[PDB]
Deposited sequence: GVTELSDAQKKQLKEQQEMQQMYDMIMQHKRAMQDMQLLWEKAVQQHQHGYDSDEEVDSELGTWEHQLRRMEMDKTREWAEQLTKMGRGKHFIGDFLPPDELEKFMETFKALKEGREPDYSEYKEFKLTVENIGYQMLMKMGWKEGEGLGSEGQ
């Protein structure tokens, strides 16, 4: 976009990085609905549920990896940050964390995402 004042350049980047933050939230939200439906019919039929969960785990990592390039210690106390980074690391290296630690992690990126959004729209 052409000849923007330093003012205008700033209001546009704010509006745009706020909108893509929203979009990323809706596309992650939507992705998870997609996996849910597949599980829900997978039972409407052994290892199906293992790869569904492993695929869901891959989606949540890339959701997390998206989140980091929008900005992380901002949002967590120290105890929860290293548990956080252990899981992230584990998912990043293709190993499959403990199912309740992964669920703690899914919810925490979701949570941080919403917190980032609301710190833009307010």
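**Q** Could you spell out the stretches of the deposited sequence that were left without C-alpha coordinates, going in sequence order?
**A** No C-alpha for residues 1, 47-61, 88-92, 144-154.
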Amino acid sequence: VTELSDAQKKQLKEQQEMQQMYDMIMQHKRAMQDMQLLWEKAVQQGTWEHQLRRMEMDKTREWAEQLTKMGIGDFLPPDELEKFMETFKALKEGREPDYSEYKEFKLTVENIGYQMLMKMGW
From here on, numbers count along this sequence of modelled residues.
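**Q** Mind checking which third residue 65 falls in for C-alpha B-factor across the chain?
**A** Its C-alpha B-factor, which the entry lists for residue 65, ranks in the lowest third among residues of this chain.
**Q** Taking only the Cα B-factors deposited for this chain, tell me whether residue 115 sits in the lowest, middle or highest third.
**A** For residue 115, whose C-alpha B-factor we compare with every modelled residue in the chain, the answer is the lowest third.
**Q** Relative to the other modelled residues in the chain, which third contains the C-alpha temperature factor of residue 96: lowest, middle or highest?
**A** Answer is middle: the recorded C-alpha B-factor places it there.
**Q** By its CA B factor, does residue 41 count among the lowest, middle or highest third of the modelled residues in the chain?
**A** CA B-factor rank for residue 41: highest third.
**Q** Compared with the other modelled residues in the chain, in which third is the CA B-factor of residue 50?
**A** Highest third - that is where residue 50 ends up once the chain's C-alpha B-factors are sorted.
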